[PDB]
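Chains as they are written, first to last, in the entry's author numbering: chain B, 1 to 30; chain A, 1 to 30.
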């Protein structure tokens, strides 16, 4: 799930549609 | 659906129940 933002000091960029991150936010599958 | 949290200052702690920041407010499923 997720999909709003997050990162924990960078990361993300939406994963270009694909999500990313983990503990610090992002999302995708979850 | 707004989850009961805004996300101007800080990301959504309600990410723990699947909410995410959209247009300054934490939402899930509209």
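Cβ coordinates follow ideal geometry from the N, Cα and C atoms, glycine included.
In this structure, residue 25(A) sits away from residue 11(A), with a CB-CB distance that is not shorter than 8 Å. Per DSSP, residue 8(A) has no beta bridge partner at all.
When C-beta distances to chain B are compared with 7 Å, the residues of the region 15-30 of chain A below that value are 15, 18, 20, 21, 22, in chain order. Listed as beta-bridge partners of residue 24(A) by DSSP are no residues whatsoever.
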